[PDB]
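Presented below is the structure to which this report refers.
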Amino acid sequence: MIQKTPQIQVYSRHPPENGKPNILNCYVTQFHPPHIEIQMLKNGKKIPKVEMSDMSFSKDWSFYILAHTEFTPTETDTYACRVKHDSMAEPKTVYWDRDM
Amino acid sequence: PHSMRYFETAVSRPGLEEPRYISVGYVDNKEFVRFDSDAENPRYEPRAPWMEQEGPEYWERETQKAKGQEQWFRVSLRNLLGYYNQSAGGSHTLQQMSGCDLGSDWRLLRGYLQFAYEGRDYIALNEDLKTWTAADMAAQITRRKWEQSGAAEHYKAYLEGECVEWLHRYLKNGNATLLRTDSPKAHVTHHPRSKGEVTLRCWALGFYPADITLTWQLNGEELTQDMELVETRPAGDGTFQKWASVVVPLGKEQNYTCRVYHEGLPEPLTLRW
Amino acid sequence: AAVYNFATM
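Protein chains in written order, with the entry's author numbering: chain B, 0 to 99; chain A, 2 to 274; chain C, 1 to 9.
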């Protein structure tokens, strides 16, 4: 009873290049309450030590946060972000498409 | 058109833990001080290099207001459950926004003091810094409480005084930093998005502040049709990103042109596949 | 400088 469906964007910090250290981000926004669970998957496998940014909200009271983790992209590995928030009857997963 | 805000949040959660209190301060949209009750040592801390000119008494002073607000939110959070007749096993959110906007002439344009419960407007001080606007039936009880205690004249004091006083003081110390910009770097990517057709994505990377504008044009008319644009995203290092694209008939790509408008470029970037 | 609230809600 404090809902607002979150918006998710997944992308690297630098233009990708197979075999090169880059940083993957999961930018989640427009959610309320601020309590949210974010997982960074690599081939459907939960990634450890995923750092989260400090929480800030916007003029519309909704909150936003940046989850990130270091990683080295390849040609076969798939990455994605899974978010569970009380405004979605189910967790939402979104894959990383290196051209977006 | 400088400004100063303090975004405060206190959320209650099931368990033995007291609600978390988080306050974030901003000067011209940039974070410069933050306070989290979940820290190992709750204290207001520097969030911009310029604030490191402030002595310990400043930090100790603000931190003490911090400590006070915590109780104020913890207590207020409790009064809300009563008003709304809610139960003890859930979680609630109480947010506050307050601050002052200054013109380029350093003159106060408007004061801000508003609160939300569960992410919905609850109560707000009007622009005359004298009367209140209460959103619902609960809000009415707070309005009366504050009208009888004469709260408006005291937030008004902070807004026309301390808020203006100190904000100038900050701008003075951090104008050199604030004014600082980061020119975007752009390039265009080609993607097979169809046969006979294709997709061109114009990338804008590592620019600061966030404000930017991307356009596409086939030598002449800007392509608003069939153009895709993404919300500006942070790169995680302070700078931001953004891209825009358009479907383009294969083999005709090098004829479309992209333009990047950002306040840090000696002039708008222009590129193509 | 942060605000300091007066009457509670």
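In this text, a Cβ means the ideal position worked out from N, Cα and C, and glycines have one as well.
Below-8 Å beta-carbon distance, residue i vs any chain A residue
i: B:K3; result: yes
i: B:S86; result: no
i: residue 177 of chain B; result: It is not possible to answer for residue 177 of chain B, since the shown part of chain B is limited to 0 through 99.
i: residue 101 of chain B; result: The displayed coordinates of chain B run from 0 to 99. Any statement about residue 101 of chain B would go beyond what the structure contains.
i: B:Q8; result: yes
i: B:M54; result: yes
is_contact[residue i, chain C] using C-beta, thresh 8 Å
i: A:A152; result: yes
i: A:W73; result: yes
i: A:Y22; result: no
i: A:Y156; result: yes
i: residue 284 of chain A; result: Nothing about residue 284 of chain A can be read from this structure; chain A reaches only from 2 to 274.
i: A:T134; result: no
i: A:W217; result: no
i: A:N30; result: no
i: A:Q54; result: no
i: A:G69; result: yes
i: A:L110; result: no
i: A:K66; result: yes
i: A:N127; result: no
Residue i vs residue j beta-carbon contact at 8 Å
i: B:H31; j: B:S61; result: yes
i: A:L179; j: A:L103; result: no
i: A:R202; j: A:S246; result: yes
i: residue 1 of chain A; j: A:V28; result: Missing from the structure shown is residue 1 of chain A; chain A here goes from 2 to 274 and no further.
i: B:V49; j: B:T28; result: no
i: A:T94; j: A:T10; result: yes
i: A:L130; j: A:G151; result: no
i: A:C101; j: A:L172; result: no
i: A:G207; j: A:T240; result: yes
i: A:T132; j: C:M9; result: no
i: A:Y118; j: C:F6; result: no
i: A:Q72; j: A:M98; result: no
i: B:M39; j: B:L65; result: no
Residue i at chain B interface by Cβ criterion, 8 Å
i: A:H192; result: yes
i: A:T10; result: yes
i: A:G120; result: yes
i: A:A89; result: no
i: A:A117; result: yes
i: A:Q96; result: yes
i: A:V261; result: no
i: A:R44; result: no
i: A:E19; result: no
i: A:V34; result: no
i: A:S92; result: yes
Residues bridged to residue i (per DSSP)
i: A:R62; result: Paired residue(s): none; A:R62 is not in a bridge.
i: B:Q8; result: B:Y26
i: A:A40; result: Answer is none; A:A40 lacks a bridge partner.
i: A:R111; result: A:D102
i: A:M5; result: A:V28, A:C101
i: A:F116; result: A:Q97, A:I124
i: A:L270; result: A:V261
i: C:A2; result: Answer is none; C:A2 lacks a bridge partner.
i: A:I23; result: A:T10, A:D37
i: A:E46; result: A:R35
i: A:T190; result: A:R202
*Residue ranges of each alpha helix (DSSP H) run of no fewer than 4 residues wholly in the region 119 to 187 of chain A, ordered along the chain?*
Qualifying alpha helix (DSSP H) stretches, in chain order: 138 to 150, 153 to 161, 163 to 179.
*Given a limit of 8 Å on CB to CB distance, which residues of the region 68 to 84 of chain B reach chain A?*
Legend: CB atoms of the region 68 to 84 of chain B lying less than 8 Å from CB atoms of chain A are not found in any residue.
*Scan the region 194 to 239 of chain A and note each continuous beta strand (DSSP E) run of 3 residues or more that stays entirely inside, going in chain order.*
Runs found: 200 to 208, 214 to 218, 228 to 230.
*Between the region 236 to 256 of chain A and chain B, which residues of the former have a C-beta closer than 8 Å to a C-beta of the latter?*
Considering only beta carbons, the part of the region 236 to 256 of chain A lying closer than 8 Å to chain B consists of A236, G237, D238, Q242, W244, in chain order.
*Taking only runs that begin and end inside the region 17 to 87 of chain B, name each unbroken beta strand (DSSP E) of 3 or more residues, in chain order.*
Taking only runs of at least 3 residues, the beta strand (DSSP E) segments lying wholly in the region 17 to 87 of chain B are 21 to 30, 36 to 41, 62 to 70, 78 to 83.
*Within the region 241 to 268 of chain A, ranges of the beta strand (DSSP E) (whole runs, at least 3 residues)*: Unbroken beta strand (DSSP E) stretches of 3 residues or longer found wholly inside the region 241 to 268 of chain A: 241 to 248, 258 to 262, given in chain order.
*For the region 33 to 59 of chain B, which residues have a CB atom closer than 8 Å to at least one CB atom of chain A, in sequence order?*
Going along the region 33 to 59 of chain B in chain order, one finds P33, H34, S52, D53, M54, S55, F56, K58 with a Cβ nearer than 8 Å to chain A.
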